[PDB]
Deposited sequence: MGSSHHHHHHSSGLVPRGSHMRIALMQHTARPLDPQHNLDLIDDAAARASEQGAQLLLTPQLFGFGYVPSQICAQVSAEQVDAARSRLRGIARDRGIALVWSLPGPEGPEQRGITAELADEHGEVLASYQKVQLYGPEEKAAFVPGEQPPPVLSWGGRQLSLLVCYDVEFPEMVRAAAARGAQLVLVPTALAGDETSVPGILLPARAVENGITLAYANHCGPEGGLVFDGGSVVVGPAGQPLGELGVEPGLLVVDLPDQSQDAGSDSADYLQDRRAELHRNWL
């Protein structure tokens, strides 16, 4: 949005769109188009929504999507990051067999090489819990573009423990593919701004929108800064949000040694 400002050195983009269940040719063509568009606007990274490549249909992924088909979508996403020359964060099933995989988020750089991979720890509801194995590792944190970036996926961000875990390892910018349906306004309206304020961090949340898999996704993709203010936000239609990021001490004051015994 506009020329790249002085005093920003990171421009990110978020893809909000409707996937077709079980049609990864169509869904990855959409991600390829968003990646081109984001790159034309001078974004360095595009964040895409949870399970976008197969559509958000956990039971049907478990029943019908083989490890080989997930690998093929993964190879094509690595091709898109490389061919459109933009870092990409996507979210696919994990690479193991259908009975042993989780839901993952991955960040690939502008060469197509995956720099960080994270397995969703907090699965939502009985369909996700039956279709995927929850992760057991804390979120990764890595230098990229001048900041420490971290990954979480959809329901994870509603647990202040999960965002606290990223921020305690140095995260400044937490990127969150999501798939939020059913007019759940409290998540982006109440919980995300608190996660940003209570850790002094920025969070980007890229959602589906529209009719998909028997649900109607909320859209509402947003980047929330460390005052809890939206730096940029979309409504309920497909869009590409592009935001330039500018260049109490809860993280120090918290009595973590007591808190960890009280959870």
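**Q** Where does the structure fail to cover the deposited sequence at the C-alpha level?
**A** Gaps vs deposited seq, in order: 1-11, 259-267.
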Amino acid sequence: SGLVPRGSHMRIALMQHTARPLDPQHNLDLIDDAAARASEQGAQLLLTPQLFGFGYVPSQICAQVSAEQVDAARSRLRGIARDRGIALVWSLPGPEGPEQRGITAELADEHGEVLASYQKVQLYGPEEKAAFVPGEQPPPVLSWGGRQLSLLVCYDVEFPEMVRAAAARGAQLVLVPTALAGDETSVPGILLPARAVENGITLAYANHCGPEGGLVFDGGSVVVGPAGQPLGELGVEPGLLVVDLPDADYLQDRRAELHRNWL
From here on, numbers count along this sequence of modelled residues.
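**Q** Please compare 94-102 with 123-131 and say which has the higher mean C-alpha temperature factor in the record.
**A** Comparing 94-102 with 123-131, the higher average CA B-factor belongs to 94-102.
**Q** Between 233-241 and 43-51, name whichever shows the higher mean Cα B factor according to the PDB entry.
**A** In the deposited entry, the stretch with the higher C-alpha B-factor mean is 233-241.
**Q** Among 197, 62, 223, 35, which carries the highest Cα B-factor?
**A** 62 has the highest C-alpha B-factor of those listed.
**Q** By the record's CA B-factor, is residue 25 among the lowest, middle or highest third of residues in the chain?
**A** It falls in the top third of the chain.
**Q** Which third of the chain does residue 227 land in by C-alpha B-factor: lowest, middle or highest?
**A** Middle third, going by the recorded CA B-factors of the chain.
**Q** Taking only the Cα B-factors deposited for this chain, tell me whether residue 169 sits in the lowest, middle or highest third.
**A** As the PDB entry reports it, the C-alpha B-factor of residue 169 lands in the middle third of its chain.
**Q** So where's residue 150 on the chain's Cα temperature factor ranking, which third?
**A** Lowest third.
**Q** So where's residue 178 on the chain's Cα temperature factor ranking, which third?
**A** Its C-alpha B-factor belongs to the lowest third of this chain's values.
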